[PDB]
Amino acid sequence: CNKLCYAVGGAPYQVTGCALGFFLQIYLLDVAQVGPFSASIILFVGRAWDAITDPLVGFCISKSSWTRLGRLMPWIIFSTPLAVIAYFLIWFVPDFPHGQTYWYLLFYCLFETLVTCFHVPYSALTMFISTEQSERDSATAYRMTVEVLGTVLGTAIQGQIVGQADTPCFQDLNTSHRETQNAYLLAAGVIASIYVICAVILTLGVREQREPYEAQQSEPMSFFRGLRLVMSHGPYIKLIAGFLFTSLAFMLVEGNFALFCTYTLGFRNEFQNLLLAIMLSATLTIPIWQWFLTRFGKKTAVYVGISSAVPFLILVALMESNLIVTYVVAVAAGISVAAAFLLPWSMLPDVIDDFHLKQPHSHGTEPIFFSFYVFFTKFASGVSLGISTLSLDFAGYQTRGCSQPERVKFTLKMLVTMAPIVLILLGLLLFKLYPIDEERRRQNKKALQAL
Amino acid sequence: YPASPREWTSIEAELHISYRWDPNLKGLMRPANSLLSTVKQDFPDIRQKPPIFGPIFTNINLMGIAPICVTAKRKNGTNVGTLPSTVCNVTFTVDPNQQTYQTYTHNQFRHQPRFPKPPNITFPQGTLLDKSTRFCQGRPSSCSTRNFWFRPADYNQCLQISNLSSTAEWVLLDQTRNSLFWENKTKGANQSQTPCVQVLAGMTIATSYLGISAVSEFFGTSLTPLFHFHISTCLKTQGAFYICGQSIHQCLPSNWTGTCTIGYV
Ligand SMILES: *[C@@H]1O[C@H](CO)[C@@H](O[C@@H]2O[C@H](CO)[C@@H](O[C@@H]3O[C@H](CO[C@H]4O[C@H](CO[C@H]5O[C@H](CO)[C@@H](O)[C@H](O)[C@@H]5O)[C@@H](O)[C@H](O)[C@@H]4O)[C@@H](O)[C@H](O[C@H]4O[C@H](CO)[C@@H](O)[C@H](O)[C@@H]4O[C@H]4O[C@H](CO)[C@@H](O)[C@H](O)[C@@H]4O)[C@@H]3O)[C@H](O)[C@H]2NC(C)=O)[C@H](O)[C@H]1NC(C)=O
Ligand SMILES: *[C@@H]1O[C@H](CO)[C@@H](O[C@@H]2O[C@H](CO[C@@H]3O[C@H](CO[C@H]4O[C@H](CO)[C@@H](O)[C@H](O)[C@@H]4O)[C@@H](O)[C@H](O[C@H]4O[C@H](CO)[C@@H](O)[C@H](O)[C@@H]4O)[C@@H]3O)[C@@H](O)[C@H](O)[C@H]2NC(C)=O)[C@H](O)[C@H]1NC(C)=O
Ligand SMILES: *[C@@H]1O[C@H](CO)[C@@H](O)[C@H](O)[C@H]1NC(C)=O
Ligand SMILES: *[C@@H]1O[C@H](CO)[C@@H](O)[C@H](O)[C@H]1NC(C)=O
Ligand SMILES: *[C@@H]1O[C@H](CO)[C@@H](O)[C@H](O)[C@H]1NC(C)=O
Ligand SMILES: *[C@@H]1O[C@H](CO)[C@@H](O)[C@H](O)[C@H]1NC(C)=O
Ligand SMILES: *[C@@H]1O[C@H](CO)[C@@H](O)[C@H](O)[C@H]1NC(C)=O
Numbered sequence: 044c045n046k047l048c049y050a051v052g053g054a055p056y057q058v059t060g061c062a063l064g065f066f067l068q069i070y071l072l073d074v075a076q077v078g079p080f081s082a083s084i085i086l087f088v089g090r091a092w093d094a095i096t097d098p099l100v101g102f103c104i105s106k107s108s109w110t111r112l113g114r115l116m117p118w119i120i121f122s123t124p125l126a127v128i129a130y131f132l133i134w135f136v137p138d139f140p141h142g143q144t145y146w147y148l149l150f151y152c153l154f155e156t157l158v159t160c161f162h163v164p165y166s167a168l169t170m171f172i173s174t175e176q177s178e179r180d181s182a183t184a185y186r187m188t189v190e191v192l193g194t195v196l197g198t199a200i201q202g203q204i205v206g207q208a209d210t211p212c213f214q215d216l217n233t234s235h236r237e238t239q240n241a242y243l244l245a246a247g248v249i250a251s252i253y254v255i256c257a258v259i260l261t262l263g264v265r266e267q268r269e270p271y272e273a274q275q276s277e278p279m280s281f282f283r284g285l286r287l288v289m290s291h292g293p294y295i296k297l298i299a300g301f302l303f304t305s306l307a308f309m310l311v312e313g314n315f316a317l318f319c320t321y322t323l324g325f326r327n328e329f330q331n332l333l334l335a336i337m338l339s340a341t342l343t344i345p346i347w348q349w350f351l352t353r354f355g356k357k358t359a360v361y362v363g364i365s366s367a368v369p370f371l372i373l374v375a376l377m378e379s380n381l382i383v384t385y386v387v388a389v390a391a392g393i394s395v396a397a398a399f400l401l402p403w404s405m406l407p408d409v410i411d412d413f414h415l416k417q418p419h420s421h422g423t424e425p426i427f428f429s430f431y432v433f434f435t436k437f438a439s440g441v442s443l444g445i446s447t448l449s450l451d452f453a454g455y456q457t458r459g460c461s462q463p464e465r466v467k468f469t470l471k472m473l474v475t476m477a478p479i480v481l482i483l484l485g486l487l488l489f490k491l492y493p494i495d496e497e498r499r500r501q502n503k504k505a506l507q508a509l
Numbered sequence: 058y059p060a061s062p063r064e065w066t067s068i069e070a071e072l073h074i075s076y077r078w079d080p081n082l083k084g085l086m087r088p089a090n091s092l093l094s095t096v097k098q099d100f101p102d103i104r105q106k107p108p109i110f111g112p113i114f115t116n117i118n119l120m121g122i123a124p125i126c127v128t129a130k131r132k133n134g135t136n137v138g139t140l141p142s143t144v145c146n147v148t149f150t151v152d153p154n155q156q157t158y159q160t161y162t163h164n165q166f167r168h169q170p171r172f173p174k175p176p177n178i179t180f181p182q183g184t185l186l187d188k189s190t191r192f193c194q195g196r197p198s199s200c201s202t203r204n205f206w207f208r209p210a211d212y213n214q215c216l217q218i219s220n221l222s223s224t225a226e227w228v229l230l231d232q233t234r235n236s237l238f239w240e241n242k243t244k245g246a247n248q249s250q251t252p253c254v255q256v257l258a259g260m261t262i263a264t265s266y267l268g269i270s271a272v273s274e275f276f277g278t279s280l281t282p283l284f285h286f287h288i289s290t291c292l293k294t295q296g297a298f299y300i301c302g303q304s305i306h307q308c309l310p311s312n313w314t315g316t317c318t319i320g321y322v
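Taken in sequence, the protein lines are chains B and A. Under the authors' numbering, the letters of the first sequence match residues 44 to 217, 233 to 509, in that order. Sequential numbering of the second sequence, starting at 58, is according to the authors' numbering.
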């Protein structure tokens, strides 16, 4: 019955990630008062710190031993209370004569490392949770659907509680502070309670199974040998290379659409749950993709998943606006990003099996794969934000105002549609990874022959 | 010809406010927007149609010595025609330096915004000293435009202008509201009320005001100017053209340099 119990673990990370990524800048500029300078600095440093901490926490997990508890479950146990206090505390605005601004940076970086410390073992646990591929893939698909539903939940709850989550605008020319602060605090409290209840229900039942007797129990080296052998392995890098382009394109989309919806080809000044609609459609879709990969999902699932975005998204080439069909396009993109989330993230256990049987004696190297994978996801986030900001700066958007020049529309139209079209095209072309259905069954044979 | 000191009271002026954002501002979007809205609806009675500036009639003027002329000089301000000291009987000089930034209390701001008070009139020595202890003229008509910048309701003082109408019908000035009232001197009596906005008040208040707020930031706290709104005055009655030099303006710019009397024809 543990399948749901493990699946719920994605929500505590995902809801906070979404809430922060969508609201922290607005809160920093408005509810607290920080200059645009320091706001940009805090955001950039927080993301950079997250990327930097990801491999290091991965290493400390790899080094950590099994002492009177789960191999990596004490990491969740150490993370949950401190991370929840940090997430609550960051939202509160400190009243101080001096040094007020640092508080935000410190508690943002600290909460971020703590939540990565939660996430990475939770991602790695899919290998351990059960040995057979069928239940393994079941559990990972369940985790992914609950994670995307966590995205939906976090965005919806924060928006509804704190009021309309819209890009602020400066009307063209030709409700108390403590009350809105208390609103943000209520949001922090309910999201923290969701985090705590999710972590406890997750920890209550997974009861990871310890490793069987290993062929080489002595002489493992965590600092170097793991990295060296992972670099020696080639399908893993081929997989992450193929996944990087797809993930970058779709995160670029999800990021810049927030301003596309108003400034360019937007008949509504408010997104009004459009993002919630597309993400909920993705959450509904993901089980269909799991079953689809049951029915010849070797590589067809990723082909159809990435390719389905192309025609519906490019329907902006016709560009003649009609809001209801545009909503339909958003739903289409929902099922496309559902495939983009579920497939490559859960293909990885097959790669780790192929590496595991290829070289026997190397043991305990599993968390390195997951750590570097989530690190490359964060790196894609960084480069997506960088290209978006650089393009917008270089063309248009000299000032934030309700009226925007025509240039912004050209750059941000081509950016939102054509750049992800070409990016997913190249990624999908380069995505001809080594293991297919034949390869998985062949690895399966050796797996069952080992012990 | 120039209007009578009584006509200065009777004539009505309307004021037009134009708002301009600060380009460098990129923060405090929601609170600055709410503040702009509350300021915008703070002024209930304004000129709806966009005002017209510039010399309008520019005839070779025929005029007598003027009873009141207003002179303002600024570093960088629009210039309007000048009349020498001989022409005007008495003079009020606008001096902006006396104005200082006062804190405009807003509901949602960790650092309260500051605005500049309107300028003040000054007069040469010995012209308004006759107190004569006559406050009772203080009451104006009802006016709903009380606010931070503009308060025609408060009646602190009324003092006589000695150099005008000593024998009878003495003219009183309330400096606090920079407004003036005319009396007729007869035991039996009838007397008019003031318009909501005096022409003299409209002339004096006409300067752009910059709202500033301070935001906590790295390397110390920083000053960000939210926005600034220009104010221009326009007569709302026939004639009443601002004679200034030879020129005859219908309305006055945001910062105006020169000497102006309100006249006819
Ligand atoms: C019609 O005429 C009128 C006048 O005849 C014109 O009105 C003038 O408009 C000017 C527009 O620029 C304006 O000049 C600015 O005035 C600002 C007012 O500053 C006030 O406050 C500061 C201090 O505030 C702090 O006060 C205490 C501590 O002192 C604190 O407790 C508070 O919390 C505050 O934090 C004083 O210095 C002033 O005396 C006022 O009291 C100024 O902010 C501003 O100066 C800044 O900008 C200058 C260049 O832009 C620069 O030289 C100066 O050093 C300041 O620089 C600050 O800002 C930059 C970014 O802006 C920042 O990077 C720096 O770190 C630095 O902090 C100007 O001086 C006139 O005041 C105003 N005159 C009036 C109203 O009488 C009107 O324009 C004109 N219109 C037309 C159409 O002609
Ligand atoms: C230069 O130009 C300045 C700006 O034009 C001008 O400043 C004006 O001065 C008056 C000051 O007079 C006092 O103002 C008090 C304000 O009180 C109001 O607000 C508070 C809270 O906001 C309330 O408690 C009050 O009820 C009121 O709403 C006011 O309380 C005082 O009234 C008392 O005194 C008088 C007698 O003088 C009595 O009749 C009253 O009943 C009461 O007892 C007093 O009026 C300021 O009010 C006015 O708003 C200022 N103008 C503007 C536009 O803001 C300078 O005077 C001027 N100086 C020179 C030398 O020219
Ligand atoms: C007056 O304003 C104009 C417009 O900005 C400016 O070019 C000029 O130099 C100003 N005069 C000064 C600063 O003395
Ligand atoms: C009145 O004004 C005239 C000049 O305008 C001057 O001769 C006279 O002394 C003034 N008297 C007073 C009391 O101001
Ligand atoms: C000023 O007005 C008075 C009002 O009686 C009158 O003597 C004349 O119009 C003016 N006086 C001078 C000296 O200009
Ligand atoms: C003042 O009013 C009375 C009658 O109300 C009249 O006799 C007198 O001429 C008037 N004077 C002026 C200057 O209006
Ligand atoms: C002023 O009002 C009173 C009140 O009716 C009236 O009797 C008087 O004649 C009026 N006088 C003038 C000059 O209007």
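Heads up, the beta-carbon is just placed ideally off N, CA and C, and yes, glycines get one too.
Q) At which residue ranges does the region 76 to 113 of chain A contain complete alpha helix (DSSP H) runs of 4 or more residues, listed in the order of the chain? A) At a cut-off of 4 residues, the continuous stretches assigned as alpha helix (DSSP H) that sit fully inside the region 76 to 113 of chain A are 86 to 97.
Q.
Any heavy atom of ligand 5 inside 7 Å of the beta-carbon of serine 222 of chain A?
A. Position 165 of the second sequence holds residue 222 of chain A. Yes - ligand 5 has a heavy atom lying nearer than 7 Å to the Cβ of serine 222 of chain A.
Q. Going straight from the alpha carbon of residue 231 of chain B to that of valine 51 of chain B, what length do you get?
A. This structure gives no coordinates for residue 231 of chain B. The numbering of chain B moves from 217 immediately to 233.
Q: Go through its chain and collect everything with a Cβ distance to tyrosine 185 of chain B's Cβ below 8 Å, but skip five positions before and after it.
A: In the first sequence, counting from the first residue as 1, residue 185 of chain B sits at position 142. Setting aside the 5 residues that flank it on each side, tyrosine 185 of chain B is surrounded in the same chain by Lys46, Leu47, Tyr49 and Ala50, each with a C-beta closer than 8 Å to its C-beta; the list follows chain order.
Q: Closer than 8 Å by beta-carbon distance: list the chain A residues that pair up with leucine 216 of chain B, in chain order.
A: Here residue 216 of chain B corresponds to residue number 173 of the first sequence, with the count starting at 1. The CB of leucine 216 of chain B comes closer than 8 Å to the CB of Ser75, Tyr76, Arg77 and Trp78 in chain A, given here in chain order.
Q: Starting from the N-terminal side, write out each stretch of the alpha helix (DSSP H) that is 4 residues or longer and does not extend beyond the region 309 to 384 of chain B.
A: Counting whole runs of 4 or more residues, the region 309 to 384 of chain B contains the alpha helix (DSSP H) stretches 332 to 352, 358 to 365 and 367 to 372.
Q: With 8 Å as the C-beta to C-beta threshold (strictly closer), list the residues of the region 158 to 181 of chain A near chain B in chain order.
A: Going along the region 158 to 181 of chain A in chain order, one finds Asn164, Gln165, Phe166, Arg167 and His168 with a Cβ nearer than 8 Å to chain B.
Q | Endpoints, the alpha helix (DSSP H) within which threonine 110 of chain B is located | A | Here the question's residue 110 of chain B lines up with position 67 in the first sequence. The continuous stretches of alpha helix (DSSP H) do not include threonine 110 of chain B, and DSSP gives it neither H nor E.
Q) Looking at the C-beta of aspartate 209 of chain B, does it have a partner C-beta in chain A at a distance below 8 Å? A) Taking the first residue of the first sequence as position 1, residue 209 of chain B is located at position 166. No, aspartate 209 of chain B does not count as interfacial toward chain A.
**Q.** Terminal residues of the alpha helix (DSSP H) in which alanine 245 of chain B lies
**A.** By one-based count along the first sequence, residue 245 of chain B stands at place 187. Segment 235 to 263, the alpha helix (DSSP H) holding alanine 245 of chain B.
Q. Along chain A, in chain order, which residues have C-beta atoms closer than 7 Å to that of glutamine 76 of chain B?
A. Position 33 of the first sequence, counting from 1, holds the residue named residue 76 of chain B. Ordered by position in chain A, the residues that pass the 7 Å Cβ test against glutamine 76 of chain B are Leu85, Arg167, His168, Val272 and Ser273.
Q) According to DSSP, is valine 51 of chain B helix, strand or coil? A) Walking along the first sequence from the start, residue 51 of chain B turns up at place 8. Of the three classes helix, strand and coil, the one that applies to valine 51 of chain B here is coil, per DSSP.
Q) Which residues, in order along the region 169 to 184 of chain B, keep a beta-carbon less than 8 Å from a beta-carbon of chain A? A) Within the region 169 to 184 of chain B, no residue has a Cβ that lies closer than 8 Å to any Cβ of chain A.
Q: Count the other C-beta atoms from every protein chain shown that fall within 10 angstroms of the C-beta of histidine 141 of chain B, then say buried if there are 16 or more, exposed otherwise.
A: Taking the first sequence and counting its residues from 1, the one referred to as residue 141 of chain B is at position 98. With fewer than 16 other Cβ atoms within 10 Å, it is exposed.
Q.
So, at 6 Å on beta carbons, what are the nonlocal neighbours of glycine 195 of chain A in its own chain, with the 5 sequence-adjacent residues on each side left out?
A. Here residue 195 of chain A is taken as the residue at index 138 of the second sequence, counted from 1. Non-local beta-carbon contacts of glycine 195 of chain A in its own chain, meaning distances under 6 Å to residues more than five positions away in sequence, involve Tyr212 and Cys215 in chain order.
Q. Does the Cβ of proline 170 of chain A lie closer than 7 Å to at least one heavy atom of ligand 1?
A. Start at 1 with the first residue of the second sequence, and residue 170 of chain A comes out as number 113. In terms of side-chain proximity, the C-beta atom of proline 170 of chain A is found no nearer than 7 Å to any non-hydrogen atom of ligand 1.
Q: Would you tell me roughly how many angstroms separate the C-alpha atoms of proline 310 of chain A and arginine 167 of chain A, rounded to the nearest one?
A: Taking the second sequence and counting its residues from 1, the one referred to as residue 310 of chain A is at position 253. Taking the second sequence and counting its residues from 1, the one referred to as residue 167 of chain A is at position 110. Approximately 35 Å, taken between the alpha carbons.
Q: Below 8 Å on the Cβ atoms is my guess for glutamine 307 of chain A versus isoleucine 103 of chain A; work out the distance and round it to an integer in Å.
A: Here residue 307 of chain A refers to the residue found at position 250 when the second sequence is read from its first residue. Here residue 103 of chain A refers to the residue found at position 46 when the second sequence is read from its first residue. So it is not a contact: roughly 17 Å between Cβ atoms.
Q.
Is there a C-beta anywhere in chain B that falls below 8 Å from the one on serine 279 of chain A?
A. Here residue 279 of chain A refers to the residue found at position 222 when the second sequence is read from its first residue. With a threshold of 8 Å between beta carbons, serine 279 of chain A makes contact with chain B.
Q | Member of B:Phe427, B:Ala199 and B:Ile104 whose CA lies at the smallest distance from the CA of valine 58 of chain B | A | To locate residue 58 of chain B, count along the first sequence from 1; it is residue 15. Nearest to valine 58 of chain B by alpha-carbon distance, out of B:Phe427, B:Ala199 and B:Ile104, is B:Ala199.
Q | Cα-Cα separation between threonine 169 of chain B and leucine 470 of chain B, rounded to whole angstroms | A | Start at 1 with the first residue of the first sequence, and residue 169 of chain B comes out as number 126. Start at 1 with the first residue of the first sequence, and residue 470 of chain B comes out as number 412. In a straight line, the C-alpha of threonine 169 of chain B is about 39 Å away from that of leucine 470 of chain B.
(Q) Please list, in chain order, the chain A residues whose beta carbon lies closer than 7 Å to that of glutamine 143 of chain B. (A) As a position in the first sequence, residue 143 of chain B is number 100, starting the count at 1. In chain order: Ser273.
(Q) According to DSSP, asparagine 136 of chain A sits in a beta bridge with which residue or residues? (A) Here residue 136 of chain A refers to the residue found at position 79 of the second sequence. Looking at the DSSP assignment, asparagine 136 of chain A forms a beta bridge with A:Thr314.
Q) By DSSP, does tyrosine 130 of chain B sit in helix, in strand, or in coil? A) As a first step, residue 130 of chain B is located in the first sequence; it is residue number 87 there, counting from the start. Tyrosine 130 of chain B falls in the helix class under three-state DSSP.
Q.
Quick check on this structure: which residue in A:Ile300, A:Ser304 and A:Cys193 has the alpha carbon closest to the alpha carbon of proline 124 of chain A?
A. Position 67 of the second sequence, counting from 1, holds the residue named residue 124 of chain A. Looking at the Cα atoms, A:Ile300 is the closest of the given residues.
Q) Should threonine 135 of chain A and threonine 314 of chain A be called a contact, given that it needs their Cβ atoms to be closer than 8 Å? A) Start at 1 with the first residue of the second sequence, and residue 135 of chain A comes out as number 78. Start at 1 with the first residue of the second sequence, and residue 314 of chain A comes out as number 257. The Cβ-Cβ distance between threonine 135 of chain A and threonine 314 of chain A falls below 8 Å.
Q: Just mark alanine 391 of chain B as buried or exposed, buried being the case when its beta carbon has 16 or more other beta carbons within 10 Å.
A: Residue numbering aside, residue 391 of chain B sits at position 333 when the first sequence is read from its first letter. Counting other Cβ atoms within 10 Å of its Cβ, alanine 391 of chain B reaches 16 or more and is therefore classed as buried.
Q | CA nearest to the CA of residue 29 of chain B, picked from B:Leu244, B:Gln214 and B:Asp215 | A | Nothing can be reported for residue 29 of chain B, as the shown portion of chain B is limited to 44 through 509.
Q.
Rounding to the nearest angstrom, what Cα-Cα distance links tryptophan 78 of chain A and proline 170 of chain A in this structure?
A. Along the second sequence, one-based indexing puts residue 78 of chain A at 21. Along the second sequence, one-based indexing puts residue 170 of chain A at 113. Counting only the Cα atoms, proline 170 of chain A lies some 15 Å from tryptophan 78 of chain A.
Q.
Quick check on this structure: which residue in A:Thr179, A:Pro176, A:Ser219 and A:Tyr158 has the alpha carbon closest to the alpha carbon of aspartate 187 of chain A?
A. To locate residue 187 of chain A, count along the second sequence from 1; it is residue 130. The shortest CA-to-CA distance from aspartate 187 of chain A to any of A:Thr179, A:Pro176, A:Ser219 and A:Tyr158 is the one to A:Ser219.
(Q) Within the continuous beta strand (DSSP E) that includes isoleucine 204 of chain B, where are the two ends? (A) Along the first sequence, read from residue 1 onward, the residue named residue 204 of chain B stands at position 161. Counting along the chain, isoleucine 204 of chain B falls outside any beta strand (DSSP E), though it belongs to the alpha helix (DSSP H) covering 176 to 205.
Q) Are there 16 or more other CB atoms within 10 angstroms of the CB of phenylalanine 284 of chain A, so buried, or fewer, so exposed? A) What you label residue 284 of chain A is simply residue 227 of the second sequence in a count that begins at 1. Of the other Cβ atoms in all chains shown, 16 or more fall within 10 Å of the Cβ of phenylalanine 284 of chain A; this residue is therefore buried.
Q.
Counting only C-beta atoms, is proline 124 of chain A closer than 8 Å to chain B at any point?
A. Translated into the one-based positions of the second sequence, residue 124 of chain A becomes position 67. No, its Cβ sits nowhere closer than 8 Å to a Cβ of chain B.
Q: Return the chain-ordered list of same chain residues with a C-beta closer than 7 Å to the C-beta of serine 270 of chain A, the five sequence neighbours on each side being excluded.
A: Residue numbering aside, residue 270 of chain A sits at position 213 when the second sequence is read from its first letter. Closer than 7 Å at Cβ, skipping near neighbours: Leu85, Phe166, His168, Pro170, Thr281 and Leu283.
Q. Name the chain A residues whose beta carbon is nearer than 8 Å to that of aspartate 451 of chain B?
A. The residue you call residue 451 of chain B lines up with position 393 of the first sequence. The premise fails here: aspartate 451 of chain B is roughly 13 Å from chain A at the closest Cβ pair, so nothing lies under 8 Å.
Q. Taking 8 Å as the CB-CB cut-off, is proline 252 of chain A touching chain B?
A. Taking the first residue of the second sequence as position 1, residue 252 of chain A is located at position 195. Closer than 8 Å: no.
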